[PDB]
Every structure is written in C-alpha cells, then in structure tokens.
Amino acid sequence: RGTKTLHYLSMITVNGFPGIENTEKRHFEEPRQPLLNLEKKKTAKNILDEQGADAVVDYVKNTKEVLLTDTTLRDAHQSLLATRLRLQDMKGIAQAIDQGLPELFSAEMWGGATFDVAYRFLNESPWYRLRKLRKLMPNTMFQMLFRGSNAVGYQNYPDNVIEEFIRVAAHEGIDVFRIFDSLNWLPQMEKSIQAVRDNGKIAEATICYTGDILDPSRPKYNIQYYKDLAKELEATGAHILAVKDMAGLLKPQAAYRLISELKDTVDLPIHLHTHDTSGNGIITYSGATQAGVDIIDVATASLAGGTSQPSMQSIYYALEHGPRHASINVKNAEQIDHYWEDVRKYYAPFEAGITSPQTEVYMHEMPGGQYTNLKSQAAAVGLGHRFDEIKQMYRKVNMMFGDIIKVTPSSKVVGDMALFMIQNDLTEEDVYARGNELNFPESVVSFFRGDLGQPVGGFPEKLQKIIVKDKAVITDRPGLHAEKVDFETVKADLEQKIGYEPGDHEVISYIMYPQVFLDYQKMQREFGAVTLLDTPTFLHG
Ligand SMILES: [Mg+2]
Ligand SMILES: [Mn+2]
C-alpha cells in the first residue's frame with residue numbers, strides 16, 4: 001500500500017491535481033475541534049430503529065418546534081465547493097455532529113451529485129463514505145437525494161435496479177429517501193416510494209417548486225396544481241411530503257401561502273428545502289414556520305448562503321423568541337461551524353468566487369449547481385464572456401419548452417439548449433424555421449423523446465416534431481422500455497473486470513455508472529485509497 005500512496009504523492013507533486021491550477025502546498029493549521037456541551041436526547045434515528053417510520057412521523061407531527069435537517073454534508077458543498085468535500089474532512093467532525101446536535105431531524109449526506117462526483121473526481125467510494133459516516137454517526141438519521149427513477153444516475157434505469165439500489169442503500173445506512181421526479185411526474189416516484197416503504201425507511205415524496213404561485217401571469221404552476229400533486233403524493237403512502245425549491249424561487253409570502261394550503265390538503269408533515277441564492281432563504285423559512293412547516297433544510301454557517309442552504313445558526317436566531325423555535329443547540333452548532341470554516345479553507349481552488357444576493361434568479365430560474373456548471377461549460381467552449389445572453393437564452397428556452405420544471409436532469413436539458421442556441425447564433429423563430437436542418441443536443445432530443453418522463457401539460461407538438469426528426473417518442477414510463485438487467489450476470493462480468501467478487505453495492509454502482517466505476521477501480525489499483533489523505537496533501541502533495 002505504501003508504494004501506491006508514494007506513486008500518487010509523486011504524481012500530484014510533479015504533475016499537479018487534474019483540473020485545478022498548480023500551486024504550492026500552503027501551510028494550514030489543524031482545524032479547530034469543537035467544545036460541546038453534551039446532553040443526551042432520544043433522536044429520530046432511535047425512534048426509527050425502535051418503533052419504525054410511522055413513529056418517526058408521529059414524533060415529527062407532535063413536535064411543536066420546527067426541526068432542522070443538516071445539508072452540510074451533501075448540498076452545501078455541492079452548491080459552494082463543486083461537491084468536492086472529501087470524507088477525510090467529514091470524519092473529523094462526524095462524531096461531533098452526531099453528539100453536539102442530537103436535535104437534528106436528519107443529516108443529508110448522500111445522493112445528488114455526491115455519488116457521481118466522489119467516484120469521478122475524489123477517487124473514493126460513496127459507499128465507503130456512507131459506511132464510515134454510519135459508524136461515526138450512529139444516533140442520527142441519514143438523508144439521501146433520490147432522483148425518482150434515475151436514482152443517482154442521470155438517465156432512466158429498470159425498476160429492479162432502482163429497487164436493488166434502494167434496498168442496498170437502506171441496508172448500508174440511508175434512513176430517509178427524498179424521492180423527486182425532474183418533471184414532477186408521479187409514476188416515476190411511485191415505485192421508488194413503494195420500495196422505500198418496503199425496506200422500512202422514511203419515504204420523502206417531493207414536489208419541485210417552480211414559478212410563482214402568487215403571480216397570476218404564470219398560471220400553470222398555480223396553488224391548485226401543487227394541492228393536487230400533494231393529494232396524489234399522499235395517496236401513494238409516503239411518510240413526509242417534501243417541497244424542493246431548487247433555485248430559491250419560493251418567496252416568503254408564497255412560502256406561507258403554499259405551506260398553509262398544503263397543510264390544509266394533506267396531513268403529511270412538510271419538509272421545505274430552499275436555497276439562499278435570492279438572499280431571501282431565511283425569511284422564506286420563517287414564513288413557512290409561521291405557516292406550520294415541520295422540517296426545514298439548513299447548512300452550517302461557514303458553508304451557507306449564496307447557492308447553498310440558509311445557515312442553521314441564523315435560522316435559530318431568527319426564530320428565537322417567536323411562537324415557534326428551531327430545535328438545535330446553537331452553541332454546539334457554532335463550535336462545529338468553526339471546524340467547517342477551517343476545512344473550507346482547504347478547498348480554495350473549487351470556490352465559485354465573490355458571492356452576492358442574486359435576485360436575477362427569479363427570472364431565469366436556474367438552479368445554482370446548474371448555474372456553476374453552465375458557467376464552467378461556457379468557459380470550456382469559450383462562451384463565458386456572454387453569460388448574460390446565456391441567462392436570457394436559458395429563460396427564453398424554458399418558455400419555449402412550455403415552462404418546464406428545471407431541476408437535474410431537466411435543467412441540464414435547458415442549459416444545453418441555451419448553450420447550443422448561443423453557440424450558432426439563432427433565435428426561437430429560427431428554431432421553428434430551420435430546425436429540421438440542424439442537429440440538436442442529445443439531452444434535448446432525449447427529453448423530447450420522453451426519456452425524462454412527461455412534463456406538465458405535455459410537449460409543444462410542433463417543436464417536438466422539429467426536435468425528433470425521425471426518432472420514436474414514448475408516452476409512458478421509460479423504465480418499462482429499459483433493457484433487462486440480471487444481477488448474477490453483471491456480478492460475474494464485474495468479477496472478470498475488477499478481479500474479485502464484488503458486493504451488492506459495487507454491482508449496483510457498476511450498473512449505474514459503468515465507465516466511472518471501472519475508472520475508479522483502475523485508480524484504486526494505481527494509487528490506492530487516496531481518501532485517507534488529508535485535503536491539502538490530496539490536492540497538492
Ligand atoms: Mg411539527
Ligand atoms: Mn438543493
């Protein structure tokens with residue numbers, strides 16, 4: 001093992017880290033360990049382990065205070081540090097988060113972009129990160145982000161693959177599955193919700209919020225649409241209804257109105273997830289708190305603000321003397337935030353830059369992760385100079401598509417469309433006129449083929465016929481048309497490829513990311529377990 005780490009250290013010392021500018025390994029002090037005042041409490045993890053998910057739901061309903069879910073381990077560093085937060089920095093504070101904050105409903109540490117990014121860039125297994133965090137944080141609930149029928153991948157998978165991933169993730173320590181569909185289509189979420197319920201975990205059915213419910217000019221995503229969606233989601237037997245504000249679009253008055261109306265229609269607890277990109281995340285959470293929201297999604301203050309979640313400490317102080325208080329130990333939270341600031345100093349090459357409240361997100365409606373990725377893609381193609389026109393094309397392409405919900409992977413479709421549209425300098429009338437001649441991006445064609453599901457109100461018919469010139473268009477779940485996957489054959493082929501008998505997690509990771517898992521295995525052969533390295537040594541040597 002020593003030769004592998006020596007090889008990796010020599011490689012990084014000489015050739016530098018791939019994708020970042022080469023710099024010297026500047027000296028870092030040891031990150032500040034917290035000084036916690038421990039109080040023993042029965043957490044929602046204990047309730048789930050003892051009496052199951054329904055007891056957890058009843059505990060949430062009987063909690064007068066508003067519960068907090070920490071998104072520091074997944075979404076805060078997905079938005080701010082390009083999902084590059086390593087397990088080595090997480091494990092120095094995992095026990096402190098488990099002990100100093102037992103009032104947390106759950107910690108979101110998995111799903112989203114973490115699964116792909118860990119394998120692709122951090123060269124560490126997300127399953128290994130899950131196992132180490134589960135050992136380190138035994139009395140907290142683990143929340144993951146689940147993309148409906150795509151799970152952690154960006155495309156549709158057959159139903160047995162999704163069920164097996166849910167089973168393996170539940171066995172390895174995931175306690176809450178937040179299941180969302182990119183276009184808010186129920187059939188893509190039904191089977192995942194049923195599988196999560198069968199595995200005994202909490203199923204968070206999710207509504208992606210877009211538009212403005214208080215704006216009569218945009219009537220498609222009105223309050224009645226969300227009420228009907230919440231009713232049919234409650235019909236599926238999900239434990240907690242989740243409201244995912246992917247781009248910070250939910251305004252405070254709209255937040256109060258939406259949470260009140262959803263509280264009237266369903267008896268499910270409501271989980272609200274929003275981003276502070278508009279700068280109104282704190283007041284939105286407060287307005288939802290007055291409306292009666294149950295759980296809200298917060299990050300530590302050092303990894304909060306901008307495209308990330310609002311800070312949990314500021315959410316505590318904003319609700320300190322109101323009718324409803326947040327459930328947190330604020331002193332322990334600040335003590336943990338000191339460590340988070342010190343380890344955020346490690347990830348300087350992955351920082352986005354100077355951040356300000358960005359109220360332009362109300363028009364272009366672009367999520368922050370997709371915002372950073374779109375900026376990087378425009379820089380890679382040399383279009384980063386005209387990113388204001390990129391924003392305008394993004395908004396106009398979204399309106400051209402029929403005002404779709406823009407969350408991954410549907411936001412990636414709109415981003416690719418806008419990049420291609422500015423790439424060869426045409427308008428939407430030019431799309432309707434010349435569109436038979438050009439070759440549209442593959443993601444747009446796949447979306448108009450129905451591989452992402454069915455959008456609300458259906459596709460624009462003439463534009464769809466332009467986009468797919470001769471390809472077949474399905475109108476049902478893409479999982480029905482998926483190729484059958486047999487796990488014994490895949491396991492045998494993986495054993496041939498990686499040279500040893502793989503576990504269920506390795507098989508289900510090979511199915512979702514075939515090339516990425518094999519590249520990760522090759523990197524493990526060449527360099528060993530680089531997750532054990534500290535972050536400045538991992539980046540610079
Ligand atoms: Mg409650
Ligand atoms: Mn998010």
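All residue numbers in this chain count up from 1 along the given sequence. As the structure lists them, so they are numbered: ligands from 1, and atoms in each ligand from 1.
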Notebook entry, point to check: N/O/S of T63 less than 2.8 Å from the Mg ion (ligand 1)?
Noted result: yes

Checklist line | Minimum-distance N/O/S atom that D294 presents toward the Mg ion (ligand 1) | finding: OD2

Margin query: Pair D212, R218 - check salt bridge (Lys or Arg N to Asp or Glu O under 4.0 Å), show working.
Written below: CA-CA 7 Å; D212 194 4; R218 335 181 50 186; over 6 Å; no

Checklist line | Rounded to 10 degrees, the angle NE2 of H273 makes with NE2 of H275 at the Mn ion (ligand 2) | finding: 90°

Margin query: Does atom CD (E320) have a neighbourhood of more than 12 heavy atoms from anything else shown, all under 6.0 Å?
Written below: yes

Notebook entry, point to check: So does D75 have any N/O/S atom less than 2.8 Å away from the Mn ion (ligand 2)?
Noted result: yes

Notebook entry, point to check: Do you see a donor-acceptor pair shorter than 3.5 Å between the side chains of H273 and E204?
Noted result: no

Check: Side chains of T300 and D337: do they bring a donor and an acceptor to under 3.5 Å?
Finding: yes

